Amino acid sequence: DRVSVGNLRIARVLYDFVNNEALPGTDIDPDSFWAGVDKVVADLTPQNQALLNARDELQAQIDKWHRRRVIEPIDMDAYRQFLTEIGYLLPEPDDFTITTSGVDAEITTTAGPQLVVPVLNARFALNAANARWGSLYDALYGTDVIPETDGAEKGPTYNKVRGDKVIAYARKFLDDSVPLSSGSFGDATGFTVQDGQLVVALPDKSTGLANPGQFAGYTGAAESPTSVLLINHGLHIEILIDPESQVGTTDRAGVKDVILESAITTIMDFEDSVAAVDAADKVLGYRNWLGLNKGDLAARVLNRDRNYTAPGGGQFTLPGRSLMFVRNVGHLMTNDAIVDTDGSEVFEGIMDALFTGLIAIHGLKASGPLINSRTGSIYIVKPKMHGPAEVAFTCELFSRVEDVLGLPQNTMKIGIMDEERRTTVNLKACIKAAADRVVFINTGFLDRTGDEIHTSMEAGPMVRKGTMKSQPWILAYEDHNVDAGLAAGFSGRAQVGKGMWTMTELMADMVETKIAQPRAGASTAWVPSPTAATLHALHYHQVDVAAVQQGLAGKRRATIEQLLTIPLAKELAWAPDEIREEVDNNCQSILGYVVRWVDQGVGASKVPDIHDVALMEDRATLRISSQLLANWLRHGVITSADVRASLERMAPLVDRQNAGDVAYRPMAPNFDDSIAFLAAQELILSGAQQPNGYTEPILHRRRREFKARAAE
Ligand SMILES: O=C(O)/C(O)=C/C(=O)c1cccc(O)c1Br
Ligand SMILES: [Mg+2]
Ligand SMILES: [Mg+2]
Ligand SMILES: [Mg+2]
Ligand SMILES: [Mg+2]
C-alpha cells in the first residue's frame, strides 16, 4: 500500500497519481521530484511543528492570564502590555509598498466578485470556472431578487409577468451603469454601430452614451449587431440582441438577455469546504485541480475565450473563464497520505504546496491556449495563519517548492487570509513578510470569530453568535484590514477582499446589503455560487471601488484597543428562552453540518437554521457554533444536561431534513451508536481543548472512524 522514497512512505494511490497524471507534461523528472518532496518535508517539518507549539504556548499564557484577573472591567492597558511581553503583539514595521510582480489584471486592477467552490465537486468546480460570464436574467428570474408577489410567482412554465419585471430591472441596471446621453434603455428599440460609436434608437429620436468610452465592442454586423459589449468600472456587460428568441420576441428592442462579467476570480478550495482525510480523498481533489489546469475536466466542459469586434471594426478577445486560485490547507493538520519511517503523518500544508503547485504548472501552458495565468503566476490562498512568522514560513515553503518544481522564484503567489487574531493585530508585519508574493488579503470573518471566541475562552461568556457581527472588535477588524492593505500599496497591485455571503436563498437581501463591502473599499468579496456572483457583480457597477480606495488612503480608522475589545456578554444578559434558542440553533447547525461531513464526506452543506434560513455551512461556521457552546458551558451559562438534551432534540430534526438522500443514515434514536452524533457532541464538550478551537482534529478522526466501519 505504500512506496518508499527516502524517509517517506507514500500511499500508492498518491504515488501513482503524481507519476502517471501530474508529472507528465511538466518536464520534471519523477525521481528528482520525489527526492525534492523528501528533502522539503525533512527540512521544513521542524519549523512547522515549532510554530504549532508556539500557538499552544501563547494560548496557555492568555488562558492563565484571564483566570488570574480580579478586576471586572479588563484593564486594557495591562492586557495590551501583556500581549506585547509574551510576543503575541509585535512591533509594527515602518511603511512599505508591496513589490509583487507578474500578477494578472483580474487581481491587480479588476474589482469584482470572487467565487469559492469545493475542489472535490467536479461539477461545481466546472461551473465556477465558467462563472466569469453569467446571465443576469437567469439570476433575477430564478431568485427572490424579483419578488414572487403579484402574479410574478415562479411555476413549471415561464411566467411573462415575472419575465417583464426581470427585463425592467435589467433596463434600470443599464440606465444606472452605462447611461444614455438622453432617454432610457427601457425605451430603446434598437442598437447600431455608426462611425465606431454606439447609437441607441428611441421611439422619438436616437442617442449615444453619456460616456461613449463605455462602448467596448459588439458581435455581428455593426448595422444590426447580435450583441453590444459595454464596460463600466472595468467590468463588461453584454446585451444579447435576438428578436427571434422567445424573450427577445416580446422585448421592445429584441433583447434576449444581459450577460454580466461575474466571477472574475475563483478559489478552488482544498480547505474548509471539503472533507478529505486520506490519500484517496486528496487524490480526488488533486485530479480535479489537474483537469482544471489542463483544461480537460468534463462531466459539460470549460469555456473558451470570447470573440468581439472592436468599436472601430478590428477583432479582439476576452477571457472566458474565471482566473483560478487554489486554497491549500493551513499549517495545522497532518495527513497519512504520506507517513515517515517512524509512522508519523506528514504535514498536509507542505504536501498541498508541492502537489497543487506541481499541478498548477499545467495551467501556465497550452491546453488550445493556456488555461490560467498569462503572466506566469500560480495563485495559492493560505488560510489560518497566526502572525508574521507563520507567513514567513509559508513563503519559505513556496520558495523550496519552486526549487523542486524548477519554477522561477516567486512564481507561487499568496492570498493571505486575515482570519486569526494574531494575524489581525500584526497584519502590517504579516503583509511585509510576504511583500514580494502577496496578491490579496481577505477578512475570513467566520474563522476570525471562532478564533476570537477561543482566544478569550477563559475571560467569560461571549455574546450570542448573532450579536458578533455588530461587536466593536469585528468592525475594527474589517476597517483595519482595508487600511493596512491600502497602506501597503494594494490599490492597483493586489486585492483587498471581504467575506462570504452564506444565506443562499436570500438573494434580495444580498443585493440590498452586500454592497457595503465594495463601499468599504474592498476590491473583491466572496460568494458561494455562480448566481450569487452575477448578482454581487451589480454592486461593483454601482460602487466605484477605485475611487473609494483613493478616498480611504492614509486613514487609520481602527486602534489596537478596538481590535482587542473582547466580545464579552454583560451579566443578566439573557432570559431562559433566549439561552434555549441559542443552544438549539447552534446544535442544529452543528449536527446538520457534521452528519454529512462524517457519514458522506461532504465538506459544504446547506443547513437550515432554527429560523429555517438556509445557511451554507463549512468548517468555519462550525468553529463558531462549537466554540460558542464550549464557552457557554465553560462559564456556566448552560449545563452538560442542557447540551445533551439539545443535541438529542435537534438530531431527529436533522434526520428528517435529510430523509432522502439515500446514503443518509439516521442519528436517532441510538445516539451512542452514531459516529456523526458523537463527533458533534465531542466538538462541543472538547471544544475548549482543541487547538485554537479548530474542528479538523475531531472531524478527520471521526470521518476516518466512519470509513473504517463502512469497510468491515
Ligand atoms: O470566513 C472564513 O473563515 C472563510 O474562510 C470562509 C469560508 O471558507 C466559507 C464559509 C461558508 C461557506 C463557504 O462556502 C465558505 Br468557502
Ligand atoms: Mg487549559
Ligand atoms: Mg476561513
Ligand atoms: Mg448577546
Ligand atoms: Mg462610475
Side-chain angles (χ1 to χ4, degrees), residues 56-57 59-67 114-119 121 124 128 266-274 325 327-330 381-385 415-420 423-424 442-452 454 457-458 460-471 474 477-478 481 497-504 525-529 532-533 567-575 578-579 581-582 589 593 602-607 614-625 628 630-632 634 637 686-691 693-695:
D56 288 355
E57 321 212 300
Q59 190 60 69
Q61 294 178 270
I62 294 171
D63 289 346
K64 185 167 90 191
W65 190 91
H66 284 297
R67 283 196 301 267
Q114 182 165 74
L115 171 56
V116 188
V117 69
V119 77
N121 188 313
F124 293 177
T266 292
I267 300 169
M268 305 293 177
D269 192 18
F270 279 86
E271 198 225 17
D272 268 10
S273 67
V274 299
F325 289 78
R327 181 158 71 172
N328 285 12
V329 301
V381 179
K382 193 69 178 176
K384 292 184 167 58
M385 290 185 288
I416 297 172
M417 301 300 306
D418 173 7
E419 64 187 345
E420 311 287 348
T423 289
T424 295
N442 183 295
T443 43
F445 75 110
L446 297 159
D447 264 314
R448 182 64 182 79
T449 298
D451 200 47
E452 189 66 28
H454 194 79
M457 174 66 70
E458 294 298 277
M462 301 299 161
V463 302
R464 297 180 66 180
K465 178 168 77 171
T467 309
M468 283 292 177
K469 67 190 196 199
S470 57
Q471 288 279 304
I474 204 171
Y477 153 75
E478 293 284 2
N481 181 277
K498 294 193 177 297
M500 177 66 80
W501 181 271
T502 58
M503 289 123 310
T504 296
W526 282 7
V527 288
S529 67
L568 294 168
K570 294 295 135 264
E571 330 97 292
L572 292 201
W574 308 301
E578 289 171 329
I579 295 179
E581 175 180 77
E582 185 71 16
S589 292
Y593 178 69
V602 176
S605 281
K606 191 174 121 169
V607 179
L615 295 184
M616 232 310 156
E617 302 271 336
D618 85 348
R619 292 207 292 261
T621 61
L622 173 69
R623 186 182 177 190
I624 298 172
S625 301
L628 195 278
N631 169 257
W632 277 18
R634 164 67 181 86
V637 181
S686 299
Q689 299 315 321
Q690 304 308 303
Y694 286 132
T695 64

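Along the sequence shown, residues carry numbers from 1. Numbering of ligands and ligand atoms starts at 1, following listing order.
Of the listed residues (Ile267, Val527, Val381, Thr266), just one forms a side chain to side chain contact (heavy atoms under 4.5 Å, CB included) with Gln114, and that residue is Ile267.
By the 3.5 Å distance cut-off applied to N or O atoms, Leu446 is counted among the residues near ligand 1.
Each of the atoms 1 (O), 2 (C), 3 (O) of ligand 1 lies under 4.0 Å from some heavy atom of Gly444. Ligand-side atoms of ligand 1 in range of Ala620: 3 (O), range being under 4.0 angstrom from any heavy atom. Of all the atoms in ligand 1, the ones that sit under 4.0 Å from a non-hydrogen atom of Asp447 are 1 (O), 2 (C), 3 (O). Each of the following atoms of ligand 1 lies closer than 4.0 Å to a heavy atom of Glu419: 2 (C), 3 (O), 5 (O). Every atom of ligand 1 with a heavy atom of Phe445 under 4.0 Å away is listed here by number and element: 1 (O). Applying the 4.0 Å criterion to heavy atoms of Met616 picks out, from ligand 1, the atoms 11 (C), 12 (C).
Protein heavy atom nearest atom 14 (O) of ligand 1, with residue, atom name and distance: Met500 CE, 3.7 Å. Looking from atom 4 (C) of ligand 1 to the surrounding protein, the closest heavy atom is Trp526 CZ3, 3.8 Å. Ranking the protein heavy atoms by distance from atom 9 (C) of ligand 1 puts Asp618 OD2, 3.1 Å first.
Using a 4.0 Å cut-off between a side-chain N of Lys or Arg and a carboxylate O of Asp or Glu, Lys384 and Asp451 do not qualify as a salt bridge. A salt bridge links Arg623 with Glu420; the closest basic N to acidic carboxylate O contact falls under 4.0 Å.
Using a distance-only test at 3.5 Å, with no hydrogens or angles considered, a donor-acceptor pair links the side chain of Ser470 to the main chain of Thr467. Side chain of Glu578 to main chain of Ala575: a donor-acceptor pair is present (N/O by atom type, distance under 3.5 Å, no hydrogens or angles). Between the side chain of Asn631 and the backbone N or O of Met462, at least one donor-acceptor pair lies under 3.5 Å.
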side-chain contact (heavy atoms from CB on, under 4.5 Å) evaluation trace for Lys64 with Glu458:
CA-CA 8 Å; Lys64 185 167 90 191; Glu458 294 298 277; over 6 Å; no
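Using a 4.0 angstrom heavy-atom cutoff, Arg327 counts as in contact with ligand 1.
Proximity of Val116 to ligand 1, defined as any heavy-atom pair under 4.0 Å, is confined to the side chain (atoms from C-beta onward).
Residues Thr443 and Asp418 have side chains that never bring a donor and an acceptor to within less than 3.5 angstrom of each other.
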